[PDB]
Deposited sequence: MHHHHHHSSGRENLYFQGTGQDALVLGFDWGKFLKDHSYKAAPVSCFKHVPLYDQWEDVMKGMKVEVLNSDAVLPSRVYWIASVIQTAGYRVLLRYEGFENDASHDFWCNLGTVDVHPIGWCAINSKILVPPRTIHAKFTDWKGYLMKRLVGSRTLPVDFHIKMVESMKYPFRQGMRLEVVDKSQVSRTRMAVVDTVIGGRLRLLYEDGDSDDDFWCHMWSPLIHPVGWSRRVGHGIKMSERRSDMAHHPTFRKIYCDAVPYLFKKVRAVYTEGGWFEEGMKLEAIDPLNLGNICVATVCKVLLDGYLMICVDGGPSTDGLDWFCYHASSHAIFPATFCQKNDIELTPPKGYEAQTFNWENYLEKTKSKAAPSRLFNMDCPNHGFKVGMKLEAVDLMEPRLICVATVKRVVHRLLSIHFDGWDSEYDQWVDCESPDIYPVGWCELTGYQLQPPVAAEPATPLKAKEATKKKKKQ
């Protein structure tokens, strides 16, 4: 028992501490997102009986992809409750045993409760919901990814974030890509990462670049931006999450206007943000929202604009269910191969502060609520990815 070290168990973690998990419906980029919440408490499934025979269980609690199940017949007895990740093969809709010549057997723990188990189950199933038709089928289908090993793309260079660099796709897992540079070092991101781009992008838009190809339609397209009046102009001041230090929201400047609504932003090296990005904010955003602003190398915006003879980028140029204390799995964007137990520490409109459980607060990351680098509880289990414990 003590020999079998399988790593982090969300179940043992969440039971002890009465924690809430961000639900699957908060994450648009994950498997089963579009089939979810036809998952709810009291839903009935056929599952393996562990005390190959199956039995019926009911959802007591949900945490990301994982459901806490209670075998039918236990009623209020919670001592045999068990967790099930809904991305596994051995959870089924009611009726599945009948079509697959399988047999329903009560757990040995409660088998002597009733003689007429069939009648008991009938009374328990009247008006019950079960899993969708083709639920696991629609899931393995959504997890055939457009990005394949061998596809070439442009990725911002971690060592010089003001240029892109060529990379070949190496591994695809759950929409996450492992990248290898054209010229032992590697890079992990999500297929929706604003960091990756089709070949010919940088030259087209005016982005610095070090210097078969994945085609434009494989890549997440950005939002159109509407504004009455002028655009962003070089020299305009704002606030931006520092890409090199994601715990920090910094005093920043529009350093270059590129094509297609893209901007090179500098901290007062340059980094490209789209104008629709949620990682840029109008001057005084942090002050209005009780977020520590990182000043240039007692900061005050009016005084700064004055000392520097600058203007603030106008507010009109800038453009879910998460709650403080919710658990999730978060990429450590400083080492993106690592996905870790995390907690939502702050919710400020669209912005989340994600805290890595066990790690110091300096390691906290600001990310948008729709970031592709945060995942529900059970996600690493569902895809086969390794989760880092607290």
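Asker: Where are the holes in the model when you compare it to the deposited sequence?
Answerer: Gaps vs deposited seq, in order: 1-20, 72-76, 209-211, 240-256, 314-321, 351-355, 378-382, 454-474.
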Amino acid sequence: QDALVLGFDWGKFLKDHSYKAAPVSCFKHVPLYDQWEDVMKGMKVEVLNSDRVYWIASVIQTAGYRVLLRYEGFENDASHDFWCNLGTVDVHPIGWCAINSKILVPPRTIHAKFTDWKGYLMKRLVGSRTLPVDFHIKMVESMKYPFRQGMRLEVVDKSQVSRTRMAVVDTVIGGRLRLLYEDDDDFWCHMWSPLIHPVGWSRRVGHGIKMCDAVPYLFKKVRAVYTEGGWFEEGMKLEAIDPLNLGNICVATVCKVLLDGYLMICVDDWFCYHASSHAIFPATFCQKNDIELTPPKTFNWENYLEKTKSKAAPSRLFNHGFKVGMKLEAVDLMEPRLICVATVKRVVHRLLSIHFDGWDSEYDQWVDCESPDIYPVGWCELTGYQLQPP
From here on, numbers count along this sequence of modelled residues.
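Asker: Per the PDB record, is the mean Cα temperature factor higher over 130-138 or over 274-282?
Answerer: Comparing 274-282 with 130-138, the higher average CA B-factor belongs to 130-138.
Asker: Test of understanding: from the entry's C-alpha B-factors, which stretch has the higher mean, 231-239 or 139-147?
Answerer: Stretch with the greater average CA B-factor: 139-147.
Asker: Looking at the C-alpha B-factor values in the deposited entry, which of 248, 171, 85, 115 comes out highest?
Answerer: Each of 248, 171, 85, 115 was compared by C-alpha B-factor; the highest is 171.
Asker: Select lowest, middle or highest to describe the third in which the CA B-factor of residue 354 falls within its chain in this entry.
Answerer: Middle third.
Asker: Taking the chain's C-alpha temperature factors as the reference, tell me which third residue 119 falls into: lowest, middle or highest.
Answerer: CA B-factor rank for residue 119: lowest third.
Asker: Please rank the C-alpha B-factors of the chain's modelled residues and tell me whether residue 386 sits in the lowest, middle or highest third.
Answerer: Middle third by C-alpha B-factor.
Asker: Please say which third, lowest, middle or highest, residue 211 falls into when its CA temperature factor is compared across its chain.
Answerer: Its C-alpha B-factor belongs to the highest third of this chain's values.
Asker: Can you tell me whether residue 181 has a C-alpha B-factor in the lowest, middle or highest third compared with the other modelled residues of the same chain?
Answerer: Top third by C-alpha B-factor.
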